[PDB]
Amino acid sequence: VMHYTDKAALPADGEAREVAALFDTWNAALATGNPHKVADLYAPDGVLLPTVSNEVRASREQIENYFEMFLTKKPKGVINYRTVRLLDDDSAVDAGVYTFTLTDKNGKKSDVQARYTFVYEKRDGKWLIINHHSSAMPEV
């Protein structure tokens, strides 16, 4: 069984770096505890297939609803394994493995490792999430 235990460094230089850094901005949005700030990073037509809900989210209001629940866990993410694939100047895929540190209602911390896909599209100069698929490690 594969486990991913280290932390993926940024490509220190270049345009893979730009795409890769977007996760940092997203992680920071989580830390605000504000679902609207997180939702702001998704395209109005983005699609979220999330870690802990069977409901696929395909509207801003659906996405906000997920984060309204998810953010109560004070989630903090770290990338363990990264691939970046640039499609054109204005679209890219960042996919791999990441780990959330979550806090339960009693303050107890646990880690959940998950695979991720972020598909981004640059619109009017801003990169927005078009697809986010996040899933627990299937072998546990």
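Note that residue numbering follows the sequence shown and begins at 1.
Per-stretch averaging of Cα B factors for 126 to 134 and 10 to 18 places 10 to 18 on top. The mean C-alpha temperature factor is higher for 85 to 93 when 85 to 93 and 72 to 80 are set side by side. Sort the modelled residues of the chain by CA B factor and residue 62 lands in the lowest third.
Residue 112: CA B factor lies in the highest third for its chain, per the PDB record. Sorting the modelled residues of the chain by their CA temperature factor places residue 51 in the middle third.
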